[PDB]
Amino acid sequence: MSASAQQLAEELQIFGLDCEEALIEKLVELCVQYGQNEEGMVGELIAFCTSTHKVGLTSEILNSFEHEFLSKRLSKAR
């Protein structure tokens, strides 16, 4: 069951979040694993990209985003 990469990609184009399809699908995997809407996965990632100053994203940035924000607040682990 997917969160739909084509709906997530429409938000990345507003904020200038440069990703390939393999990095767009990485946030779809988080939306599906966490049971969470993509406006969180796109919106909270901007703060991380601002703090690193990076204009483009990597397989390392979207891997670290799980530990930088998502695992810190998870309700399923309580």
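Residues numbered from 1 in each chain as written, not as in the entry; some residues may be left out. Heavy atoms only, no water.

The record names solution NMR as the way this model was obtained.

A tally of helices and strands in the protein yields 4 helices and 0 strands. Shown N-terminal to C-terminal, the secondary structure of the protein runs as helices and strands in the order α-α-α-α. For a compact globule of 78 residues, the expected C-alpha radius of gyration is about 12 Å, and the protein comes in at 12 Å, within 12% of that figure. Scored against the burial criterion, the 78 residues of the protein give a buried share of 31%. Across the protein, contacts joining residues at least 24 apart in sequence account for 59% of those joining residues at least 6 apart. Within the structure as shown, the protein displays about 5,400 Å² of accessible surface, and the carbon and sulfur contribution to it stands at 46%. Distance between charge centres in the protein, computed from 6 positive and 13 negative side chains, equals 13 Å. (Helix = DSSP H or I, 4+ residues; strand = E, 2+ residues; numbered from the N terminus. Rg over C-alpha atoms; globule rule 2.2 N^0.38 Å. Buried < 20%, exposed > 50% of the residue type's maximum accessible area, 1.4 Å probe, protein only. Contact = heavy atoms within 4.5 Å. Areas by Shrake-Rupley, 256 points an atom, 1.4 Å probe, with all protein chains shown as cover. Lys, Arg positive; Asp, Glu negative; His and termini not counted. Charge placed at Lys NZ, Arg CZ, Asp CG, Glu CD.)

A positive phi is found at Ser 4, a non-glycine position, where the angle reads about 80°. For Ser 4, the position within the fold is in the segment before α1 (5–15). The phi dihedral of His 53 is positive, around 70°, even though this residue is not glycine.

This next bit is on the pattern of salt bridges. Should the charged atoms of two oppositely charged side chains come close, the side chains can pair. For the structure on display, the rule yields 2 salt bridges. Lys 26 is the salt-bridge partner of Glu 66, the closest N and O atoms lying 2.8 Å from each other. Of this pair, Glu 66 sits in helix α4 (residues 59–73) while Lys 26 sits in helix α2 (residues 21–34), and the two are 40 residues apart along the sequence. (Salt bridge = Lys/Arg side-chain N within 4 Å of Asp/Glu carboxyl O.)

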